[PDB]
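Chemist: After the structure tokens below, expect a handful of questions from me.
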Amino acid sequence: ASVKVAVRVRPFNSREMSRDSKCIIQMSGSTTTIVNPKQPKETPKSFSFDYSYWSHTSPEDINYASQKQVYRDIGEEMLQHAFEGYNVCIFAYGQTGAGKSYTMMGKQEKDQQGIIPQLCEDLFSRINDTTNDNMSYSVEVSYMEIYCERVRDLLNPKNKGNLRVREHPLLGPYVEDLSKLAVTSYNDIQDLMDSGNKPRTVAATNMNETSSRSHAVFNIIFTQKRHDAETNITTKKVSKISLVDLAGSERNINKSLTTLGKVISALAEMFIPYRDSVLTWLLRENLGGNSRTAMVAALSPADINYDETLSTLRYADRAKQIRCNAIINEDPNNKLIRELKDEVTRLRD
Ligand SMILES: Nc1ncnc2c1ncn2[C@@H]1O[C@H](COP(=O)(O)OP(=O)(O)O)[C@@H](O)[C@H]1O
């Protein structure tokens, strides 16, 4: 399968309104067009994605791409793939202020919740709707920040540790001593998300908002346990769901962001510089390995952001060419069960 790619243009923000910005983004069907406001004579550049989300107006518009609509396209599809037993990844990419955090986290005030809360609510709603007493489940959450190549645990802020990223000699990269907490309700996972969001690194340069240079990775380990009555074997399906709010794409400590660009470019071109940054190392499987992966590229509508928005569209266009190699998590015991059961009914006959 391919990396799925959506782009999303937001309303003007305060900085843009301040400079009487005009809109340089047009969307129709799956295509996004960007005009060059500095060379108005040159022909607009057009790009085709899995989705082009027009969120430039307000939810009063019939044509406004809502939080619900964005979730119901990519978020629901990836949660369904996790239920099938695939590892899944959604990452939000783009310039500072373009709408990565709004898309991934959103706000609680007025159905503004983003992909992460909607997926968590959908996950627990599906688990709690289970009617088969042979199905049992486990949900483990981890939430980390990568800032200047240092890893912090957002679920245990009293660990000023800069957790070490390691390659397991057989099982691939992991964050040594990163909290992995069992959660049994949507309320519990929401409180951890909220607490984790508050522990993110702030910067004076961003008026003491969350640093524009910090990556946030939200991971769920979803374990589905099927109890077989006849055999008493329990089969396990395990899926890792990685929901990523990247550092701002604009332009040592931009190592991760710059390396992600080279990784996307090298994967689109198909050596691969995964290990040159903590982000691309930890997300190696999600960037062309054992994962179903989607990119949501946030776009400023404003003339003043032409060059950065064009760069986001070109990286999004390249991500579309990446192939993944996701396999279903298979318990070998599923075959032992089928055998043991045939062998017994046959004797019983
Ligand atoms: N689709 C959208 N509709 C409405 N407001 C949006 C949308 N996307 C972003 N915003 C708003 O734009 C501003 C910047 O978005 P934000 O998510 O903080 O950007 P980033 O995380 O990319 O730096 C915020 O005030 C946010 O609420």
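Letters A, B, ... mark the chains of the structure tokens in the order given; residue numbers begin at 1 per chain; ligand numbers begin at 1, in order shown.
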Could you list, as a count of residues only, all the residues within 7 Å of ligand 1, counting only C-alpha atoms and all ligand atoms?

Modeler: 21

Chemist: Kindly provide the residues of region 173-224 of chain A that approach region 109-131 of chain A to within 8 Å, each paired with its closest atom pair and their distance in Å to one decimal, based on only C-alpha atoms, listed by chain and increasing number, as CSV.

Modeler:
```
residue,atom,partner,partner_atom,distance
A:185,CA,A:124,CA,6.5
A:186,CA,A:121,CA,5.6
A:189,CA,A:120,CA,7.5
A:190,CA,A:117,CA,7.1
```

Chemist: Which residues come within 8 Å of residue 153 (chain A), counting only C-alpha atoms, excluding same-chain residues fewer than 3 positions away, as a compact mmCIF listing (two decimals) with C-alpha atoms, in the first residue's frame?

Modeler:
```txt
# COMPACT_ATOMS: atom_id res chain seq x y z
CA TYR A 143 3.44 9.92 25.25
CA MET A 144 6.89 11.36 24.52
CA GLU A 145 8.39 14.64 23.35
CA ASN A 156 6.07 11.00 33.98
CA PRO A 157 7.44 14.63 33.94
CA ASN A 159 11.80 11.97 35.14
CA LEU A 163 15.56 8.79 27.86
CA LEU A 178 9.46 5.23 28.72
CA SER A 179 6.22 4.92 30.79
```

Chemist: Hey, what does DSSP flag as strand (DSSP E or B) within region 109-281 of chain A? Can you give it to me as number ranges by chain?

Modeler: A: 113, 135-147, 150-153, 163, 165-168, 172-175, 181-182, 202-203, 209-210, 214-227, 234-245

Chemist: Find the residues around residue 64 (chain A) up to 7 Å (only C-alpha atoms counted), leave out those fewer than 6 positions away in its own chain, and share them as a list in words.

Modeler: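 My list of contacting residues is residues 54, 55, 57 and 58 of chain A.
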
Chemist: Kindly assemble as JSON lines a list of the region 271-340 of chain A residues that lie within 8 Å of region 255-262 of chain A, each paired with its nearest atom pair and their distance in Å to one decimal, using only C-alpha atoms, sorted first by chain and then by ascending residue number.

Modeler:
```
{"residue": "A:273", "atom": "CA", "partner": "A:259", "partner_atom": "CA", "distance": 7.1}
{"residue": "A:274", "atom": "CA", "partner": "A:259", "partner_atom": "CA", "distance": 7.6}
{"residue": "A:276", "atom": "CA", "partner": "A:259", "partner_atom": "CA", "distance": 6.6}
{"residue": "A:277", "atom": "CA", "partner": "A:256", "partner_atom": "CA", "distance": 4.9}
{"residue": "A:278", "atom": "CA", "partner": "A:256", "partner_atom": "CA", "distance": 6.5}
{"residue": "A:279", "atom": "CA", "partner": "A:256", "partner_atom": "CA", "distance": 5.5}
{"residue": "A:280", "atom": "CA", "partner": "A:260", "partner_atom": "CA", "distance": 6.0}
{"residue": "A:315", "atom": "CA", "partner": "A:261", "partner_atom": "CA", "distance": 7.2}
```

Chemist: Would you put the residues from that selection into a file with C-alpha atoms, as a PDB file, in the first residue's frame?

Modeler:
```pdb
ATOM      1  CA  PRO A 273      19.169   7.796   6.700  1.00  0.00           C
ATOM      2  CA  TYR A 274      16.737   6.608   9.495  1.00  0.00           C
ATOM      3  CA  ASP A 276      20.619  10.251  11.507  1.00  0.00           C
ATOM      4  CA  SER A 277      17.843  11.467  13.916  1.00  0.00           C
ATOM      5  CA  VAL A 278      15.897  10.148  16.950  1.00  0.00           C
ATOM      6  CA  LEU A 279      12.543  10.875  15.189  1.00  0.00           C
ATOM      7  CA  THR A 280      13.335   8.936  11.952  1.00  0.00           C
ATOM      8  CA  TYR A 315       6.987  17.080   0.639  1.00  0.00           C
TER       9      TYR A 315
END
```

Chemist: Here is a test: counting only C-alpha atoms, which residue of A:307, A:90, A:62, A:151 is nearest to residue 244 (chain A)?

Modeler: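 The closest residue to residue 244 (chain A) is A:90.
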
Chemist: Residues of region 291-333 of chain A within 10 Å of region 65-76 of chain A: nearest atom pair and distance (Å, one decimal) for each, counting only C-alpha atoms, sorted by chain and number, as a Markdown table?

Modeler:
```
| residue | atom | partner | partner_atom | distance |
| --- | --- | --- | --- | --- |
| A:293 | CA | A:74 | CA | 9.7 |
| A:294 | CA | A:74 | CA | 7.3 |
| A:295 | CA | A:74 | CA | 9.3 |
| A:296 | CA | A:74 | CA | 8.9 |
```

Chemist: Just checking: using only C-alpha atoms, which residue out of A:344, A:229, A:154, A:181 ends up closest to residue 198 (chain A)?

Modeler: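 Of the candidates, the smallest distance to residue 198 (chain A) is held by A:154.
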
Chemist: Pick the closest to residue 223 (chain A) from A:139, A:266, A:165, A:304: which is it, counting only C-alpha atoms?

Modeler: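 Smallest separation from residue 223 (chain A) among the options: A:139.
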